[PDB]
Structures are given as C-alpha cells and as structure tokens.
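Chains as they are written, first to last, in PDB author numbering: chain C, 12 to 208, 213 to 221, 228 to 330, 339 to 600; chain H, 164 to 325; chain B, 1 to 8, 18 to 31, 36 to 71, 88 to 220. Where a beta carbon is used, it is the ideal one built from N, C-alpha and C, also for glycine. What follows is a short report on a single structure.
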Amino acid sequence: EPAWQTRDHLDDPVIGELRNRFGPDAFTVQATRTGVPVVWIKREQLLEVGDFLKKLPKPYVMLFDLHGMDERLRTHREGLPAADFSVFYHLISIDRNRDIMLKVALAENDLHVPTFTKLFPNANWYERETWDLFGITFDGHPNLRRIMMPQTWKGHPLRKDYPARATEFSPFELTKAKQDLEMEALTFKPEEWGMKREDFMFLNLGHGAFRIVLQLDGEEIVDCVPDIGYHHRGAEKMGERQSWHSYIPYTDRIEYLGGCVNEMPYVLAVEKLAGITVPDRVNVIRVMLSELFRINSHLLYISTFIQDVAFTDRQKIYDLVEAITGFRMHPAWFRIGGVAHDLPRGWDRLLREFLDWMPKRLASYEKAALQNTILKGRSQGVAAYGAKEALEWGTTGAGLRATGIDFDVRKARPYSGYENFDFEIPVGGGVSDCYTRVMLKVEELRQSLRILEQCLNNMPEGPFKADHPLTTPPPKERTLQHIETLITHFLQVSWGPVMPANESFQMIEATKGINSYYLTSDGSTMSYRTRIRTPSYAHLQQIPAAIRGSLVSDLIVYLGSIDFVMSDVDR
Amino acid sequence: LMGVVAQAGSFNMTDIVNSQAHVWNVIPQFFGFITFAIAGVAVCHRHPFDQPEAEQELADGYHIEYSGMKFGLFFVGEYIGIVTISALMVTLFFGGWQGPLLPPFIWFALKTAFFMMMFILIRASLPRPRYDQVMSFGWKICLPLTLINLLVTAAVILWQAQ
Amino acid sequence: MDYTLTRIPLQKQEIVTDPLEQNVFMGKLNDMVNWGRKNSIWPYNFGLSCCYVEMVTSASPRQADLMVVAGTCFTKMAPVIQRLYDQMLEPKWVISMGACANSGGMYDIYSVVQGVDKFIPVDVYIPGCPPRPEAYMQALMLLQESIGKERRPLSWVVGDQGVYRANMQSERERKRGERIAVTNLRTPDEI
Ligand code: SF4
C-alpha cells in the first residue's frame with residue numbers, strides 16, 4: 012500500500028477508545044491523506060474529549076496545532092458535517108508516536124468555541140490567531156484580541172470573502188498610526204494586553230525585530246506579552262491565491278535561513294495530494310540540500326550566540350547552493366516532480382571540498398565552546414524547564430530533545446528516504462538549558478555533516494523527476510521535443526496542476542524545530558486551505574512561562590538562545 | 164603619577180625631564196607605568212573601557228542623541244585626550260625629548276607615535292572585559308599596588324639619600 | 001544636464026536648469046561640499062526580515094545620514110519606517126534593497142505596503158530577491174555620483190533654499206550596449 016493512500020484510520024486504537032468512551036456516534040471519522048486519524052467532534056463534547064485524550068495511559072500531551080478554516084466555499088464535502096467554518100486541533104502523542112486531529116464544525120450565526128487554554132496553555136496564541144484571521148470567537152479566553160493585525164483592523168483576513176489584495180495606500184491612515192505610536196506610552200492601558208495593574216513600570220522593548234512589552238519590579242521582570250505580527254506577510258492567504266506550483270517561493274520565504282528545508286514540506290504534501298512517489302535520487306538530493314541549509318542555519322545560530330559573549342563557512346555553503354540551484358538564499362528549486370534541474374557536472378568536487386575542511390572547523394568550534402567559562406557561566410541555569418513547560422508550550426526544537434524527550438521527525442516519522450541514512454540524533458539530559466541547546470545543535474551539525482558525507486558516497490543515478498503525469502513541471506527536454514509533455518507543461522504552467530479534492534499533511538524536522546504543512550484541496554488548481562505550523566510561534570509563546578522571575582539581560586540572553594525568526598513566527 | 168613626582172621631587176615637567184637625564188623612569192617604576200597607562204586609557208574612555216552599557220539593556224551610550232559637530236567634537240576630544248596621555252606617558256616615564264643623534268622634537272614625536280601604535284596594538288589584542296572585573300581590578304588590584312609602589316619608591320629614594 | 005527643484018510624496022517638482030550657470038568661488042565650494050558628502054557616507058541599515066541579514070555579510090540614527098530599507102513594507106512597521114525617516118537630518122538619502130522595498134515585491138497582499146515609495150522619497154533602488162552585497166556596493170557608487178552632482182543650499186540664511194536633484198541617465202539606457210551585445214552564455218549543465 013502506498014503511503015499517500017486515502018486512509019480512514021479506524022484501526023487506530025485511539026478511535027476505539029473514543030468509541031468506548033463517547034459511544035459509536037457523536038463523532039465522525041474522516042478519511043484523508045493526512046496520515047493521521049481525523050475525527051469531527053461536536054462543540055459541546057470538545058472539552059471532555061480533550062480531557063479524555065489528556066488522561067490516556069499514553070496521553071496526547073502536546074497541542075501541535077490549532078487553527079480555523081472557512082468551509083463556506085468548499086464544494087467537495089462528502090462524509091463531513093454541515094459546517095460554515097471549522098476549527099481543527101492537531102494533537103501529538105510521543106509515547107504512542109502518533110497524532111490525531113479534532114475538527115469542530117461551526118455555523119455563521121454562532122462562531123463560538125469553548126477555549127482550550129485550560130487544557131493546553133499554548134492554545135492562547137493559536138486562539139488569538141484564529142480570532143484575528145477568522146471570525147471565530149473563543150469563550151472564556153483572557154485578552155482575546157488580534158495578534159497578527161493591529162487592533163484597528165475591520166475585517167478578518169483568512170475569511171474567503173476578504174480580498175487578498177493590497178488596497179490603496181492612504182497617508183491619512185499612516186498618520187493616524189504614527190500619532191498612535193507617538194502616544195502609545197502615554198495612553199497605555201494595561202488591561203487590553205492582559206496585565207496586572213508602585214514598582215511596576217510598563218515599557219515597550221523594541228532574528229527579526231519585534232516589540233515585547235515588559236512589566237518591571239525595578240529591574241526584575243514580572244510580566245511580558247511579546248507583541249508579534251510585525252512581520253506578517255500573509256503566506257496562507259496567498260496560498261489560497263497562488264497555484265500549487267507558484268507557491269514554492271512563498272514557502273521559501275517564510276523561514277529564510279531554512280529555505281529549501283521550508284519548501285520541503287509543501288512539496289511533500291503536494292505529492293501526497295497528487296499521489297506521487299518520487300524516486301530515490303530525488304530523495305537523496307532533498308536530504309542533501311535540507312542538511313546543507315540546516316548546517317547554514319545552525320552555523321549562523323552558533324555564531325550569533327557566541328558573538329556577543339563564521340563568514341567563510343556560510344559563503345562556501347552558499348557557493349555550493351548557487352552551483353546546485355539558482356541564487357544562494359531562496360533556491361525555489363524543489364518542484365512537484367521533485368527538483369527543477371538535475372545536479373551539475375561538478376557537485377562531487379564542491380561537496381568533497383566542503384566535507385574535507387569542515388571537521389577541523391567543528392573541532393575549533395567545540396574547543397571554543399568548551400573553554401569559554403564566561404559564556405558557560407552566563408548560559409548555565411537560565412530559563413530552566415524540564416519536559417513539562419516544553420511538553421505543553423509546543424517547543425519542538427532543540428529544547429524538546431534537551432529535556433530528554435526522544436522525538437525527532439526524521440526518526441519517528443521518516444520522510445524522503447531518511448531511513449536509508451545512518452545518523453544518531455542527540456538528546457539532552459533533564460534541564461533544557463541554553464548551553465545544552467547550543468551543544469545539541471552542535472551535535473546536530475556534526476550529524477548533518479555525517480548525513481552529507483553519506484549523500485556524497487552513495488548517490489543513485491536515476492531520474493530527477495517522477496514518471497507521474499502530475500509532476501509540475503514535466504522534464505524540459507521532453508517538453509521541447511514531445512507534444513504530450515508540451516500539453517502537460519502548458520496546462521501545469523498556465524492554469525496549474527489539477528489535483529483531486531483531498532486533505533494532506535506533512536510534518537518535517539526543520540532547521541529550528543518541527544515545521545508542518547496542512548493542505549486542503551477543493552479539486553481546483555489553487556489551494557483551498559494552506560496551514561503552516563511553525564516552531565518559532567510556540568517558541569515565542571513560552572517566554573512568559575520561563576522568564577517570570579528573571580532580569581532583562583537574562584530575557585535577551587534567552588531570546589538569543591532561542592533560534593526563532595520573526596518572519597517564521599508571523600508567516 | 165606621584166610615583167614619578169616622588170622620584171623626581173617636583174611637579175614641573177622640565178624637572179621631570181632633567182631628573183630623567185641618566186635613567187628613564189619606566190625601568191624603576193614599571194608598576195607606576197602600567198597603572199598610569201590603564202588609568203589614562205580608562206579616563207579617555209578608550210576601547211577596553213568603552214560602552215559600559217553593553218552589559219545591560221536598560222542603559223544606552225551617552226554618545227547618542229548627539230548629531231553632527233557635537234558628536235564629532237566628542238570623537239576628536241577623545242583622540243586629543245589619548246594623544247596627550249601618550250605625550251604625558253613618554254615625558255613622565257620615557258626620556259622627554261632625550262636622544263643620541265636625532266633632534267629632541269623629532270625624538271619626542273617618534274616616541275609619541277610609538278605609544279600611539281602601541282595603543283593601536285593593545286586595542287587590536289585585548290578583548291573587552293565586562294563591568295564587574297573592571298571595577299574589581301580598578302579598585303582592588305590598582306589602588307593598593309600604586310600605594311605600595313609609592314611606599315617602595317619612598318624607601319629606595321630615602322635609602323640612597325646623600 | 002537638467003535638474004528637479006524641491007522647495008518649500019504629495020509635493021510638486023519642476024524640471025529646471027542648475028543655478029550654477031547663471036560666481037566662481039561658489040562653484041568650487043559647492044563641489045567640495047558635494048565631494049565631502051559623497052566620500053564619507055554613513056548608513057543606517059534598518060533591521061527587517063530577509064534583506065537585512067543579506068547585507069550583514071557586506088550605527089545609531091541621526092548621525093547616519095542615510096537609510097537602507099531592506100525588507101518587506103508591513104503596515105504595522107510602515108509608521109516605524111516613516112518615524113525613523115523623520116528622525117534623520119537633512120541631507121538624507123534612501124537606498125531600497127530587494128523587490129519588497131521598491132514595490133510590493135511578490136507580496137501584493139493586504140498586510141504589505143507596496144514599497145516605501147508610497148510614503149518616503151527614495152534616491153536609489155536595487156531590484157530583486159536578496160541582492161548581492163556587490164549590488165549594494167554598486168548602488169553606493171551610483172548614489173555617490175548622484176550626490177556629487179547636486180545643488181543643495183550651503184546655508185539656511187544666505188542663498189537659494191532649494192534642493193536640486195540631478196536627472197541621471199537611467200542605467201538600462203547607459204548599459205544598453207553591453208547588455209544587448211551578449212552573444213553566448215555558459216550552459217547550465219555544469220559549474
Ligand atoms: S526581496 Fe526577497 S530577501 Fe529581500 S525582503 Fe523581499 S522576500 Fe526577503
């Protein structure tokens with residue numbers, strides 16, 4: 012059986028547990044291509060269903076995702092409840108090494124959902140994002156406001172009736188916002204931000230750039246709401262606009278340091294929708310480029326964390350990326366067939382030159398990072414949390430394995446032929462300290478070098494594009510001298526590849542955590558729904574849960590130790 | 164500086180450069196030399212004792228909110244301070260305008276520029292310490308050492324009193 | 001060549026000749046002023062998403094008389110961009126990096142302002158997703174030429190109180206011969 016087959020997952024024992032608990036009725040199992048069991052739960056049963064899932068013998072401990080969807084324009088809805096809107100909760104159980112999806116249907120007149128922050132505290136920002144982008148209100152939610160758009164925003168962006176175009180730029184509105192920014196500290200009301208109202216001083220503290234409001238007891242900091250949404254590009258709303266093929270640069274531009282790693286999950290989910298099984302050479306090329314960009318991101322993170330208390342490495346990786354792909358930063362090279370072009374006739378020499386010179390650089394990096402007693406003393410014991418503040422606040426990056434939780438996507442749910450590459454993932458012990466996170470990323474960088482060495486050793490010489498008719502684009506030479514290939518190239522470039530109406534989901538170990546794409550297709554050439562779950566969103570949500578009882582310097586050292594990206598957070 | 168004044172006996176600079184007629188003051192008082200160099204660097208707000216707001220984020224530099232000729236005046240004032248500290252250091256520890264063959268002003272300019280290149284070198288070599296060892300050093304290691312230097316130079320100039 | 005005069018985005022500009030062709038001491042002193050402004054240029058690299066990190070591999090405001098707008102023009106950050114623009118002091122120049130600062134730049138969507146051209150004047154544009162540092166350096170040379178051929182008021186008391194921007198020949202017309210006269214290229218099947 013192919014891995015892209017539309018499965019119903021009634022053989023999952025969690026479905027049997029739900030049938031034993033809440034009866035065979037009262038929930039509807041949906042057969043999707045997401046690879047996870049999807050159950051439609053009624054609205055009033057949602058809290059007790061989540062409570063039952065939290066009290067299993069191997070419970071579903073992490074809320075992976077929580078977001079809405081506009082079902083008003085969805086034509087192909089067979090086996091689904093009558094829904095104007097829907098809210099889906101993606102939950103992960105690591106002990107079971109499984110995951111479930113919980114969809115709640117909503118009508119136009121009553122867009123009210125019971126809150127989920129009393130069960131999973133990372134649901135706060137997800138429910139705020141659902142209230143911002145959709146019109147869905149959550150009952151019993153503190154400081155429920157817009158998180159991606161400013162509070163002076165009328166419509167809801169991710170709704171289907173909202174136009175996804177830039178309107179005329181009036182300077183009068185920009186002058187209102189400039190005057191508001193001038194009096195932001197003067198007319199500051201700490202009740203809209205969800206704050207406690213003589214020591215307490217409120218200030219806006221201006228990788229990316231973002232404001233974080235701070236409540237001061239002298240220098241020691243008691244409350245903080247990091248103001249995000251300043252880097253909101255509307256990647257999902259443009260996903261409803263672009264076709265399956267034109268959205269690849271937008272998947273590059275959500276996380277610029279990752280790039281090709283970030284166009285991996287969209288491509289894999291699109292291939293799941295199209296039913297494409299790519300050959301092994303495509304898988305090896307994907308693995309090599311993903312680990313190359315992972316090495317780039319890890320080297321930049323280590324260099325940034327070590328600078329405050339690198340050029341030639343990133344330039345050589347960028348030269349190799351420029352040789353393989355187009356320009357260095359945003360490759361836009363992963364296609365639905367799998368790659369845009371074949372590898373050139375000199376990549377062996379460049380990859381071997383890169384791999385025969387980096388181990389001594391790793392030795393120098395480890396000698397530096399093991400001997401800086403000032404950096405070790407500054408980075409020890411700061412923002413300490415073991416497995417509990419990391420199992421409930423998302424935190425799927427190097428911190429999750431720094432807690433000791435053995436959960437890597439490349440091993441738990443292998444993709445793109447990562448089972449064929451031998452690499453031992455690193456895991457921390459106990460406390461997820463900042464220094465332990467940096468050492469974990471150093472060991473991950475060493476493992477990525479090992480994976481690249483394995484890719485250089487055994488590269489298959491098969492095709493670089495699959496034989497499926499939905500590979501967009503088709504191979505170029507056959508397009509240029511055969512007419513059927515010209516037909517497929519024409520209709521997959523002009524209108525877009527017509528993909529059947531299914532639901533797909535790809536979960537990927539990114540350069541900074543777990544990035545996932547969730548694509549709902551309505552049978553058209555566009556995407557009816559594109560959902561991008563990002564690690565840095567949940568990594569930024571956990572600063573209030575960790576830096577309550579620390580200083581500003583400790584806060585910004587923790588902020589530097591987090592590998593977050595603001596454009597990655599705000600999509 | 165009282166180390167050199169106690170070795171010479173007067174405040175006047177001509178008396179210093181005439182009391183350095185046989186031996187230069189750098190070799191009997193090397194502790195005074197290094198303490199005066201460190202103090203001259205720190206008073207002038209040069210590179211190791213620069214941006215003390217770097218260890219905090221509720222503090223920014225005082226150089227900000229100036230623009231144009233005021234910030235330029237701050238910059239050139241720091242540099243005339245470091246070159247006059249170089250001139251004071253050579254005329255108080257090395258030989259003030261003293262040399263075998265070259266003219267005295269040429270010798271003074273050469274030794275001053277020699278101190279300037281030494282300042283460039285110690286800028287290029289030593290990394291920035293943080294604030295706590297800066298205070299701890301500048302009190303605990305700096306002030307008892309110069310007091311002991313004054314006591315020892317008093318003892319040796321009173322021992323050979325003829 | 002002829003100039004545009006700005007005198008005391019919505020203001021009017023007229024295309025006139027330079028006032029230096031109408036004194037001989039004012040001509041060389043204005044040349045020295047333009048030379049001094051051209052050679053010593055202090056940039057203020059604005060920290061944005063993904064062109065700012067690209068020119069990292071290549088200070089405080091109001092001493093840097095030049096702003097390089099790198100990233101995407103978000104509607105929340107556009108007041109920050111304009112406020113930081115009015116912080117700086119005349120003379121000031123603007124270099125736009127990437128398509129996101131020239132235009133909307135692949136984001137024609139609700140939350141993106143279509144370039145900083147909508148609200149602040151831009152002296153030099155650089156096209157394309159992230160430009161190379163050498164492209165930034167060649168834009169610096171182009172802007173140095175533009176600054177070197179300018180007529181600004183030397184004092185706010187005596188003289189013409191108007192800024193004269195030169196109409197440079199466009200780079201596509203100047204480099205048209207060397208671009209059209211390109212016969213062959215290396216095949217993309219190698220390195
Ligand atoms: S032009 Fe490209 S690299 Fe530059 S800000 Fe826009 S998306 Fe980022």
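- prompt: Skipping 5 residues on each side, what residues in its chain have a beta carbon closer than 7 Å to that of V46(B)?
  reply: Closer than 7 Å at Cβ, skipping near neighbours: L183.
field: Environment of the ligand SF4 in chain order, Cβ to heavy atom below 7 Å
entry: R274(C), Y277(C), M358(C), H359(C), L61(B), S62(B), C63(B), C64(B), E67(B), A99(B), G100(B), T101(B), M126(B), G127(B), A128(B), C129(B), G134(B), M135(B), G157(B), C158(B), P159(B)
DSSP state of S596(C) mapped onto helix, strand, coil: helix
task: May I ask which residues mark the beginning and end of the alpha helix (DSSP H) holding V115(C)?
output: Unbroken run through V115(C) is the beta strand (DSSP E), 109-117; no alpha helix (DSSP H).
- request: Can you pull the chain H residues whose beta carbon is under 9 Å from the beta carbon of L118(B), in chain order?
  value: The contact set of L118(B) on chain H, defined by CB atoms closer than 9 Å, consists of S230, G231 in chain order.
- request: Below 7 Å between beta carbons is the criterion; list the residues of the segment 558-585 of chain C that meet it against any residue of chain H, in chain order.
  value: From the segment 558-585 of chain C, only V581, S582, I585 have a Cβ closer than 7 Å to chain H.
query: Helix or strand or just coil, what does DSSP make of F148(B)?
result: Looking at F148(B) - three-state DSSP - the assignment turns out to be coil, as it is neither helix nor strand.
- request: Output, in chain order, the set of chain C residues within a Cβ distance shorter than 8 Å of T70(B).
  value: Neighbours of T70(B) on chain C, chain order: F340, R343, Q344.
- request: In the DSSP assignment, find the unbroken alpha helix (DSSP H) run with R343(C) in it and report its ends.
  value: 340-353
- request: Output the boundary residues of the alpha helix (DSSP H) element that contains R307(C).
  value: 301-328
query: Alpha carbon to alpha carbon, how far is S533(C) from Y229(H)?
result: 57 Å
query: In its own chain, which residues sit with a C-beta less than 7 Å from the C-beta of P270(C), not counting the 5 before and 5 after it?
result: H359, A361
7 Å CB neighbourhood of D19(C) in its chain, flanking five on each side removed: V40, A42
task: For my contact list, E312(C) and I111(C) are in at a C-beta cut-off of 8 Å; report their separation, rounded to the angstrom.
output: Between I111(C) and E312(C) the Cβ distance is about 30 Å, and since that is not below 8 Å, they are no contact.
message: Tell me the rounded alpha-carbon separation between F194(H) and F238(H).
response: 30 Å
message: Rounded to the nearest angstrom, what separates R205(B) and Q31(B) at their Cα positions?
response: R205(B) and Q31(B) have their C-alpha atoms spaced approximately 34 Å apart.
query: With burial defined as no fewer than 16 other Cβ atoms inside 10 Å of the residue's Cβ, what is the status of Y447(C): buried or exposed?
result: Buried.
Member of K147(B), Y193(B), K21(B) whose CA lies at the smallest distance from the CA of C102(B): Here the closest residue by C-alpha is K147(B).
message: Using the three-state DSSP reduction, which class does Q214(H) fall into: helix, strand or coil?
response: coil
task: Please say whether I124(B) and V97(B) have beta carbons closer to each other than 8 Å?
output: With contacts defined by Cβ atoms closer than 8 Å, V97(B) and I124(B) form a contacting pair.
message: Between which residues of its own chain and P573(C) is the CB-CB distance below 6 Å, once the five residues before and five after are set aside?
response: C245
query: Per DSSP, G195(H) is paired with what?
result: In DSSP, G195(H) forms no bridge with anything.
- request: Give the straight-line distance between the Cα atoms of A134(C) and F99(C), rounded to the nearest whole angstrom.
  value: 12 Å
task: Taking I227(H) as the query, report the chain B residues whose CB atoms sit under 8 Å from its CB, ordered along the chain.
output: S89
task: Quick one: give me the first and last residue of the beta strand (DSSP E) that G79(C) is part of.
output: 73-81
- prompt: Where does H123(C) fall in DSSP's three states?
  reply: Three-state DSSP puts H123(C) in a strand.
field: Closest Cα partner of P125(C) within the set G279(C), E59(C), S523(C)
entry: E59(C)
Own chain, CB closer than 6 Å to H123(C), minus 5 neighbours either side, in chain order: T148, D150
query: Taking the alpha carbon of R32(C) as the point to measure from, which residue in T45(C), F63(C), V47(C) has its own alpha carbon closest?
result: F63(C)
task: Could you please give me the residues that DSSP links to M68(B) through a beta bridge?
output: In DSSP, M68(B) forms no bridge with anything.
task: For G224(H), collect the residues of the same chain with a Cβ closer than 8 Å to its Cβ; drop the 5 residues on either side in sequence, then sort them by chain order.
output: Excluding five sequence positions before and after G224(H), the CB atoms of its chain that fall closer than 8 Å to its own CB belong to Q214, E216, given in chain order.
field: For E220(H) and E193(C), the rounded distance between their alpha carbons
entry: 22 Å
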